[PDB]
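One protein chain, two forms: both are listed below as structure tokens, the first as structure 1 and the second as structure 2.
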Structure 1
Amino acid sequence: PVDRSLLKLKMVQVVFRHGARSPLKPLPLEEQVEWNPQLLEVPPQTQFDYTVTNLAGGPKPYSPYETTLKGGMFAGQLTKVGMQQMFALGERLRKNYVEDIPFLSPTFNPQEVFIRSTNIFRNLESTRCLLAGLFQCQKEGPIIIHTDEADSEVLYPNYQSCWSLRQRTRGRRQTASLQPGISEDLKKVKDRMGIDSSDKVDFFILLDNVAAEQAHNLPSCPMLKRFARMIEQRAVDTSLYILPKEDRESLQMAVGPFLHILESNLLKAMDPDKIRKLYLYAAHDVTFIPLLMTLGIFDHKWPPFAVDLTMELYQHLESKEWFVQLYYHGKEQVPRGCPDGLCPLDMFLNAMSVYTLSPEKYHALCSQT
């Protein structure tokens, strides 16, 4: 049995989803909840200055990611609720890696921390809020957030960029809401809520709105709230239909390169001045689902706002063996291939390699020929 007191924390990697936001698109009905732009006001406690570069980098890329909704607020925007969620996540990280053990400096140190986010604004602001919470708005040096162009982006499954992935999922994506039991429930929900059959709606849009409204405690349609759990379950069912656990090639192409990044970071520990103690990645629900599945930890719930997957790397001070410990939303996990929560690094990497994709192999697998 391993004595944890002989375990020394080496590297931490945290992947997270942005905080609560406004829905991407509203439900098609006359009476909608009011989304007030007042929700956009930044809590002063969360203010942290930062700049954005490409992976180089190097100039920041242009962002393709327009819709104004009832109340005047824009779609897909991070609210003060989400800002507070992320700040809270940062404070949990501070509790773990700063206070309880002095692994990280209490003030932000550019050389201790590598920061990457998708080029979307709500992720960037979520990152700022997390940093604000973790470091209590203290920096010894400027905060730099690295992002990539949307076409190269590996932080979410990229269908636009990866042709084979698109081709492998296209049929199922077309028919996803027509599947048995998904279709009946969808019709049932649209009917009970008085949504027209002439409006095109699926469990993704439903879940988007119910989760956004519940997160903000808004005066939602009581029937929508009543269906919340089945709506979430059916969204999950739809997502898994489009990309099932059994389709390995698709998973590889979906999260494979991201996994490859996490693995690379683990490997930097095997071997100076370029060493980071903390790696942060701002990502999306669509990243989390297949990610969790490949790690064999998926709980069949939509990944929540501000959810995080935290990966700790330890080295035993006596044996000099290495171990990985994985948490999801603050709860300890046992990834597949692992004897238990404290997983020998070699077993962990061997397990992860089932789905891992290097840039070369990704590019090859994705291309038409």
Structure 2
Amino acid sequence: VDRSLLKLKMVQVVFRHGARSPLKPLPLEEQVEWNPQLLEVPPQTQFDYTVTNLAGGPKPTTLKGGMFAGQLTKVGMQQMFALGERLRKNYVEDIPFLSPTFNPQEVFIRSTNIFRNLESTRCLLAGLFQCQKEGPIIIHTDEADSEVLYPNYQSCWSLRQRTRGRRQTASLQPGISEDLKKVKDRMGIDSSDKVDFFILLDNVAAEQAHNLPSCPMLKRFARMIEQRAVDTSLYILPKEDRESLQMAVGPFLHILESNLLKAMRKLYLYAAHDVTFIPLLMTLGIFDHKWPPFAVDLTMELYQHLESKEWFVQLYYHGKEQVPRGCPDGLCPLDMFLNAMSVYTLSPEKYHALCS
């Protein structure tokens, strides 16, 4: 189709928080030091916000070195800022789709209620709007028990049940087991369980992102660690199991879809997690078999053709053009896109029904 004839209607972004300290420190005798000066907020990122419920509405440990676990750092803040700036290039500079200043009317913001995602959202907005707002910044969040921004095992009974055996046996799978044993052995950490590939990956990725001197045997195995984390995660929620993927990412897809249809707000922002991205990318047919990186984004553009009145979407992941289920390279007709993803989508009512 002829791009000059297309008008940008809506943009949706799903993103992961930036570089941060690990959630749980590894059981190591010698540990890397995390300097609190990494928590310094660069002035270009300082944007104040209010957290609310979905309405809304009233809102719903220490590492060596004196820094808290799972905390976005100055490094992560700069990544998220950079993400904001790329969006500004496309939706502010290249075309005047969004006002250069934050407008509550133009933008809807949602995040899981966890500090690292809230601060990442703050930094993204700071870059996108260059710290300029025409009104209060509201970040909408839901209570953990209702949250759909990650697969919710606690609140969805059937999902917990369907994955139970695979959750148990994921780490005993061929090649995963032998490799976990190899790493722990070499690290001198073995028998420390529970330490699985997710905890190893969490640590190596956080240290690498910060240029910190990881344990050498941990670094030796960094690639295997990421790969096996991915294989573990895929084994638990395989492409072949439709109902599980539905209960895992279905409601979130339903939200994304609903936004497209309403557009038939300029921008929707969703701060999500790596465990959200893996199944989301798989249902979209775009998974690259890599652990979703810090600050990674999934961007959706919705256009309408001025002559024909037809609607098209373009999908990007990590700045790269993607081809989803049901779509040709380039602009994908909205019906083709939505019809393909309909297999994975779950209305809130069907979701609630399926979960019990």
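C-alpha atoms forming the largest set that superposes within 1.5 Å between two forms make up the rigid core. Every residue number counts along structure 1's sequence, beginning with 1. Only residues modelled in both forms are compared.
Superposing the rigid core between structure 1 and structure 2 leaves a single residue from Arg248, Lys95, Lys187, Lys200 with a C-alpha shift of at least 2 Å: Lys200.
Taking the rigid core as reference, the CA displacement of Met223 between structure 1 and structure 2 comes to 2.5 Å.
Relative to the superposed rigid core, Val324 shifts its CA by 0.5 Å between structure 1 and structure 2.
The two forms line up on their rigid core, and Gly171 then has its Cα shifted by 1.1 Å between structure 1 and structure 2. Listed in sequence order, the shifted runs between structure 1 and structure 2 are 196 to 200, 339 to 341, counting only residues present in both forms whose C-alphas move 2 Å or more over at least three consecutive positions once the core is aligned.
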